[PDB]
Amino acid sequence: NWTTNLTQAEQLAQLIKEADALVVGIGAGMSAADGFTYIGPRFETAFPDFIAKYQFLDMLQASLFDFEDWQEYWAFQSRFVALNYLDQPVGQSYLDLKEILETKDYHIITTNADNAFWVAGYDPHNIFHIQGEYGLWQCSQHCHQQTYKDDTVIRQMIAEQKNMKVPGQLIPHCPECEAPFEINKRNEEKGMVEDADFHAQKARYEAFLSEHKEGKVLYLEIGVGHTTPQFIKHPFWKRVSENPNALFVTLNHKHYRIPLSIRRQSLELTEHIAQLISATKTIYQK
């Protein structure tokens, strides 16, 4: 039973049923599987002006670009926040996953910063947004550990911008140091503003892990790649190595080489995440 000839969905369903607890790591693949993609027509349709000017290949690259000024930065980011946070509809795979998780003891860690868990109605106390959220702002100088939000201003920036610039007076500023706000995002050089809410999520996640150091714990990694493996992928590998009774299951249509220590505790399921989660739900429910 607890081991790594069945379909992928059958195998996953059985493992979930058997597990004492689930630690679920969710990356960009899960949102891309529901159509919330960062390259191709979705990106091209939303940012024809920015693409024509800078020859951006994809939306992740664009979102990290050092724009000429803050007027251009906010012209891009306001539209980016609308597409991926304010107006992004619920994804069916997030609903399917939620139905499965209802009967399990679980916690989610995610590197995603979109709205996907909120529009799907997950309990915020069960989710750790380790890379922040696009709907939040931070001081560009990180002068104090507090995040801010104002969706009304985001809408005004979309409405009022022209020729890829927001009007000067709409750029929001840090009330402590007067530097411009930027999106709450993590950066290798500067890090990320990590406020009281962030630390509360982190503590909740860490408490869950402290409770499940032993037993049949399923570390379920969904749509996590090589862009930032230090957040979910590597820590999960280490957890599984540390607990001989744990399993590592990754839902990814690409194969990432698993370390020697956990070769016997690993399963890789390659089917398209959306279809896989859907078929697993159907089997699990019965």
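So that there is no doubt, residue numbering starts at 1 and follows the sequence shown.
Enquirer: Between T4 and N5, determine how many residues of the deposited chain lack coordinates; answer none if the chain runs continuously, otherwise 1 to 3, 4 to 9, or 10 or more.
Expert: 4 to 9 residues lack coordinates between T4 and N5.
Enquirer: Comparing 61-69 with 239-247, which has the greater mean CA B-factor as deposited?
Expert: According to the PDB entry, the answer is 61-69.
Enquirer: Take the C-alpha B-factors listed in the entry for 213-221 and for 22-30, compute each mean, and give the stretch with the larger one.
Expert: Of 22-30 and 213-221, the stretch with the higher C-alpha B-factor average is 213-221.
Enquirer: Between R79, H173, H129, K104, which one tops the list for C-alpha B-factor in the PDB entry?
Expert: In the PDB entry, the greatest C-alpha B-factor among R79, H173, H129, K104 is found at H173.
Enquirer: Looking at the entry's B-factor column for C-alpha atoms only, identify whether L260 ranks in the lowest, middle or highest third of its chain.
Expert: CA B-factor rank for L260: highest third.
Enquirer: Ranked by Cα temperature factor within the chain, is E133 in the lowest third, the middle third or the highest third?
Expert: It belongs to the lowest third of the chain when residues are ordered by C-alpha B-factor.
Enquirer: Give the position of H226 by CA B-factor within its chain, expressed as the lowest, middle or highest third.
Expert: It falls in the top third of the chain.
Enquirer: Quick check for you: using the entry's CA B-factors within this chain, is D114 in the lowest, middle or highest third?
Expert: Its C-alpha B-factor, which the entry lists for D114, ranks in the lowest third among residues of this chain.
Enquirer: Of the three thirds of its chain by CA temperature factor, lowest, middle or highest, which one includes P48?
Expert: For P48, whose C-alpha B-factor we compare with every modelled residue in the chain, the answer is the lowest third.
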